[PDB]
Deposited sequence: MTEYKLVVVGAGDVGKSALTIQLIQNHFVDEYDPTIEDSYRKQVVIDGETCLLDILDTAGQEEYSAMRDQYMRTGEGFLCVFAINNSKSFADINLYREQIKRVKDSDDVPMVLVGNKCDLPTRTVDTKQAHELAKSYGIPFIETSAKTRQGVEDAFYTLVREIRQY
């Protein structure tokens, strides 16, 4: 089965680890839980085609698709997205790389990132935007499956 090398990036504490651990282990994780592990591999079926997700929970040169994650309660994490995107562009030597913008922690009752700004940022990039919660599992499978679809269409 084809392997898809997925890389999860974004500012500190945005939920990169917790997004991946929710997908794999069906558990919302916090600081009292281990988030040391490098990579996670998981057999899935996406669009009736089996595949293996090889997920690196942050070298990036080999990655085939990237989740750029910010937290909707951390404006600086959203401002920093452009920095991660430019980093990925540099190491992949490409203006366009399979990539999904993830606004995580969408369970929280409050927020500091205007959602309309997130849609427009992603539109300027030409990439999907997905709102996720590692806590409730909202958007989690969609974020990763959407990235795989982006890679297949590259």
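- Positions of the deposited sequence absent from the coordinates form one stretch: 59-70.
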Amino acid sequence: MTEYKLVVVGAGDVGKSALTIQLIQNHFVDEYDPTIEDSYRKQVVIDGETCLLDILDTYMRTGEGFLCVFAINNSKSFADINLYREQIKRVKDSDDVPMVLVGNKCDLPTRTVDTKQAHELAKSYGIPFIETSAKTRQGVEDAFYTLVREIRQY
From here on, numbers count along this sequence of modelled residues.
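- In this entry, 45-53 has the higher mean Cα B-factor, the comparison being between 62-70 and 45-53.
- When the two stretches 121-129 and 30-38 are set side by side, the higher mean Cα temperature factor goes to 30-38.
- Ranked within its chain, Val100 lands in the middle third, by CA B factor from the PDB record.
- When the modelled residues of the chain are ordered by C-alpha B-factor, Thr20 sits in the lowest third.
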